[PDB]
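As they're listed, the protein sequences go chains A and B. Here this note's numbering runs 1195 ahead of the position in the first sequence, where the first position is 1. Residue 562 in this note's numbering sits at position 575 of the second sequence; the count goes up by one each step and never skips.
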Amino acid sequence: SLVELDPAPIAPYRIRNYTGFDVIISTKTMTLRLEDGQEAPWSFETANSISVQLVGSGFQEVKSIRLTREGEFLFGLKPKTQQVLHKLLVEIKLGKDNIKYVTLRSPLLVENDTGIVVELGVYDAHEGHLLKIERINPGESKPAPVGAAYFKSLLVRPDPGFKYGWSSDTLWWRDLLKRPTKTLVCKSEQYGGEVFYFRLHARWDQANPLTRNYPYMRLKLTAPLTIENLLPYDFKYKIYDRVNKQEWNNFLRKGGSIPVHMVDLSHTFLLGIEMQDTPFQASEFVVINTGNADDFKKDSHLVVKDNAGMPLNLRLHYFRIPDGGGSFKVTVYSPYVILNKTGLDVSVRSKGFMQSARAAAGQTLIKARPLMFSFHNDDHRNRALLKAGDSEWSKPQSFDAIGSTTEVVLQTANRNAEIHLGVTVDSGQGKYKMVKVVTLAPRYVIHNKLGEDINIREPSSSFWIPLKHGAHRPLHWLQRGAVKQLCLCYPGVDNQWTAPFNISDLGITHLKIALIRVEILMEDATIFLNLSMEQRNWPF
Amino acid sequence: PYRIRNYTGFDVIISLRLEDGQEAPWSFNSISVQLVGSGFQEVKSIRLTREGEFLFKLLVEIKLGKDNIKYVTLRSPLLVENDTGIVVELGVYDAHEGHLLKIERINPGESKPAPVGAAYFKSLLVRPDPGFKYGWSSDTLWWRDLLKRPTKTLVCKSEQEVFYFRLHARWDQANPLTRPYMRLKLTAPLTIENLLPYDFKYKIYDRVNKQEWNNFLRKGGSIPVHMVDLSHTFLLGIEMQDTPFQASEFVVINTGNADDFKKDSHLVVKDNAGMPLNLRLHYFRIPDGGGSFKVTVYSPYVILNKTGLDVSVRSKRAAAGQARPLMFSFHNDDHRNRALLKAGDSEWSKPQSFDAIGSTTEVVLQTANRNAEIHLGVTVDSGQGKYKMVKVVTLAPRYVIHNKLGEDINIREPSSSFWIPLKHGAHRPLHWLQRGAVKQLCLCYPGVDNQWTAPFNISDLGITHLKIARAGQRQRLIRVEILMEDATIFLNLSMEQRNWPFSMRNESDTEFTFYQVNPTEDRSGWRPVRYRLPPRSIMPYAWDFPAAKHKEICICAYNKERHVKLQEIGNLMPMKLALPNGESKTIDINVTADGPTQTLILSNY
């Protein structure tokens, strides 16, 4: 056999060298030589401190670097030339893997918060020469070389394959102390009009005085615009710059987000969408960013008209990227999404407070597409009306109550049956938190697990309907009464119907047929009836 | 399968000799009835297969009862129904000689006929039970007078106090035997029903026959009144015991013939502070009663405070008479009227509907000067059975936790340093919660140097397993059952007395180590917990962090790692390990499904 055990449970450092020089790290016995850009694990087999010497830098070996606390600790490189005090920054981050990541670098950091590879170049602006160039992956950061961050300037460009040149201005920390926020312009090598845009924000602690004497900054590079699609459909979008009059076309799936590097935030630019697979036309342009010269208020809504002409008022959410220096995300969403899960084709109308009732835009027939829904204005007194099949229109229902289940009883046309629906209104899960999801369901659903086919009938009614084994079916039309009931029979002729059982009484109920267990359980405004053969002892 | 009731006023012979007033069974399909000493011939060819009223004047009533037996009452076509609650004596009166012939008792609910032959010539009189000491009816009950005036008040003076019946006579207008085929129903003139959640003492006043009448009525109770006449305008006044309400003013429950007072559809009670409550009065006319009716005092809303907090309700003024159930009304009857709730030290709520029949809503209350919220569940239903006109509004906690672990436990929201104790066998509402879309909880054994568990989502309905351990002790599995009753998510914490969902079975000659993969934003609380699986061993495992979306494990051997899932059946994808002696080993990985348990088998290839 095997040894049965109880389920009880059971290189702590990783050092990277981003200094621009080869380093030698020795404990205060064990040595590790690291090239520039390489990382290696580290363990201590004085206390828990190391000593770092930058090879070929002309700097003394920094002693007594304790690696136990986390944060950014600055050490003074000892041969000061002319009151220059160059600093080595040791950054320690305790990651989620319970491993302290240790970065040896200069205090100037460049953060790539874009989705593409960015090349950072070390530039001598007096000589016109690019000393070195390092690549930064998306979501990563790289520093200027140690020592060179004080004297040399910086340039950024995208990945060469994109054929965009270096930034037309430099990234100089003494200029960034007075002007930390800057749009970085990169001209194209294939089109004079084509111009890639970065947006740079520089940030530091305003209490540390060393940033007035040394580049102790972080330089975050972002996309100036990000477009998120939280509709339940895809769209093709069209960005128009009012200045110099360019238009850029692209595609965006449901749930997706895309960065744009083709617009500058000093220009007024506009968004237009054309939703795919939906009875709506292309939208008009809405102002998603104003310029420094223009004074347009940016649009909070986006109108799409269907093929009949009725409007749908989508909403635009703006989120400023933190530490981004004015770069933002725009999100197109529908304020309501109605899910028709009744099985019957459902018409939805919108009625205002003092306004009249109008039909909803883009209503199709069922297999049921999700229906984007908005009111004509943003009143809390606005309500909606529902119609299921050949039923009468509903009472005014509220789609604003977050986390609510409501029974809706519809009287029906030319008969005395009634349709019973369950309406759930929730907020969308995760990133769809600003979208109110309205599920329309039948209130009663019966499911057959008896092993064979069955016939069901409400006992105040001569109208019977079958139900196959393993098939679920809703119970739409019901006869009027306070308590709702049902009866079962086998499909053989001259078999007898059962006693009536209340289909709204939650719990288990036994029922003899010529023992059947009916369990009755509510789930998201829908009472589910489950029929089964009782495989236990009878209660009497 | 037959039962014959001889109510003819004579003795009959059925071909069974049945005397007058005696019932007897019968089987066999027709019979013949001889009325002995009546001066009539033998009625024969009496079919007993169909139900109804058949005339031969002689009447045979056949009723197919609940015990599917053929009830066969032989009678005259003049029947007196006792639909009152007391025993009624019926007398056969000869008004030309002042002469009472026979006296027949009628129990409540049943009916008794006039004698055959004497119905067409002699009049009738009713009275109550002679233990009540009330005389006969002052007027006579003559059916020719009832053919023109079918509805009357029957008055009975006391023998040392006036008793009243309401008589209505009904018949088929298309019957050819008009001018005595009729039914004479006797009802109480008034019935008062209490559908309040408190008892009251009531008092009936009247303008004519100035006579106050005081009595008591419990909750859910109904009482007939025989001391008033429907020709009199009379008034009802209630006073509820064990309430903070005072006595009510008199409202008009019956108008007279000569008066023009409107019948009050409402009844206002006032509390000890002066705030009003508008109870409603439902009137139900008794069918074929001749205008006798039932009045019903009910509250339009009953608010049940099941939260455990002190709750105030306002109506858009404050509610009157503010756990006992709270009767609630609005100032008027508009569907745009809403209410506001306050619970404890929280702000007032959004406008809530008490008219939304069959609804469960979640109400979130921002508390005063702190960033915690109170989460409530509001359920609005109609009452059960006879309470269907009352709207019942239950205020409940949104979340309730229940300890069935056997030991005491401590609970904590994972974004909070504030922990709450929880004794064994104790229900507790989770009122105050931190803000956020995903509400979570953590458990810990009491005492320091004990670690908290992984967070689990308390809004995800179903079964969730959670691993817990004391300091230096082994792990035990907690079953967390999360179920929604009605605006109340009950969390039940028990110790799992079932095999664990996973069994790591290392059949190979290689020591492994396994851990749950980092999902990364996340709210699983993932920390590194590695387990050692020595060669030829087995150990049950439950997810270390059940709040993760994608859940896989990572097995590790000789600085090699392999992610494997734990729900699929696997694909026997082997893992190649480079051993320090220079050779290579190959570990086959399979997942079998033993019922609810998924077993991971690592073998040698």
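The beta carbon of each residue, even a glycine, is placed where N, CA and C say it ideally should be.
Contact test: residue i Cβ vs the ligand SAM heavy atom, cutoff 7 Å
| i | result |
| --- | --- |
| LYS1679(A) | Among the components of this structure there are no ligands whatsoever, and the ligand SAM is therefore not found. |
Amino acids of chain B, ordered along the chain, whose beta-carbon sits closer than 8 Å to that of residue i
| i | result |
| --- | --- |
| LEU1197(A) | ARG492, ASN493, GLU494, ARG523, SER524, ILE525 |
| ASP1292(A) | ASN505, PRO515 |
| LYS1628(A) | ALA424 |
Assigned secondary structure, residue i (DSSP; H/G/I helix, E/B strand, else coil)
| i | result |
| --- | --- |
| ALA1343(A) | helix |
| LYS538(B) | coil |
| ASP368(B) | strand |
| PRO506(B) | coil |
| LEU1379(A) | strand |
| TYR1428(A) | coil |
| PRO1404(A) | helix |
| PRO1355(A) | helix |
| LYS373(B) | helix |
| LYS1275(A) | coil |
| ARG519(B) | strand |
| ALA565(B) | strand |
| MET560(B) | coil |
Extent of the continuous beta strand (DSSP E) run through residue i
| i | result |
| --- | --- |
| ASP(-2)(B) | -2 to 1 |
| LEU430(B) | 427 to 431 |
| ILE1649(A) | 1649 to 1652 |
| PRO1506(A) | 1506 to 1515 |
| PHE280(B) | 280 to 285 |
| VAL74(B) | First-last for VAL74(B): undefined, no H or E at that position. |
| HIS253(B) | 253 to 257 |
| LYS1223(A) | Counting along the chain, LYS1223(A) falls outside any beta strand (DSSP E), and DSSP gives it neither H nor E. |
| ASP1292(A) | Unbroken run through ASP1292(A): none, as it is neither H nor E. |
| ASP581(B) | 571 to 581 |
| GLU40(B) | 39 to 42 |
| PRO1591(A) | Per DSSP, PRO1591(A) belongs to no beta strand (DSSP E) and is neither H nor E. |
| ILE1698(A) | Note, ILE1698(A): premise wrong, no beta strand (DSSP E); not H, not E. |
| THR127(B) | Note, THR127(B): premise wrong, no beta strand (DSSP E); not H, not E. |
| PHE237(B) | Note, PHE237(B): premise wrong, no beta strand (DSSP E); not H, not E. |
Contact list for residue i against chain A, beta-carbon separation under 7 Å
| i | result |
| --- | --- |
| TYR518(B) | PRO1204, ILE1205 |
| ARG485(B) | Ordered by position in chain A, no residue passes the 7 Å Cβ test against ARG485(B), which lies about 14 Å from the chain. |
| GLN462(B) | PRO1202, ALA1203 |
Extent of the continuous alpha helix (DSSP H) to which residue i belongs
| i | result |
| --- | --- |
| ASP132(B) | 130 to 135 |
Buried or exposed by the 16-neighbour rule on C-beta atoms within 10 Å, applied to residue i
| i | result |
| --- | --- |
| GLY1334(A) | exposed |
| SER32(B) | exposed |
| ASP342(B) | buried |
| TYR168(B) | buried |
| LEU464(B) | buried |
| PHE1446(A) | exposed |
| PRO1661(A) | exposed |
| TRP130(B) | buried |
| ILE1561(A) | exposed |
| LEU420(B) | buried |
| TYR1213(A) | buried |
Contact set between residue i and chain A, taken where Cβ atoms lie within less than 8 Å
| i | result |
| --- | --- |
| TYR528(B) | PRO1202 |
Closer than 8 Å to chain E by CB, residue i
| i | result |
| --- | --- |
| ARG272(B) | Going by chain labels, chain E is absent from the structure shown, which instead holds the protein chains A and B. |
Q: Compile a chain-ordered list of the residues in the segment 1203 to 1223 of chain A whose CB is closer than 9 Å to at least one CB of chain B.
A: Those residues of the segment 1203 to 1223 of chain A that come within reach of chain B (Cβ to Cβ, closer than 9 Å) are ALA1203, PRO1204, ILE1205.
Q. Given a limit of 7 Å on CB to CB distance, which residues of the segment 161 to 172 of chain B reach chain A?
A. Of all residues in the segment 161 to 172 of chain B, none has a Cβ within less than 7 Å of some Cβ in chain A.
(Q) Residues of the segment 390 to 413 of chain B in Cβ contact with chain A at a cutoff of 9 Å, in chain order, please. (A) Close to chain A, meaning a Cβ-Cβ distance shorter than 9 Å, is no residue of the segment 390 to 413 of chain B at all.
Q: Below 8 Å between beta carbons is the criterion; list the residues of the segment 1594 to 1606 of chain A that meet it against any residue of chain B, in chain order.
A: Residues are counted here when their Cβ sits less than 8 Å from a Cβ of chain B; for the segment 1594 to 1606 of chain A these are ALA1596, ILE1597, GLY1598, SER1599, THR1600, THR1601, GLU1602, given in chain order.
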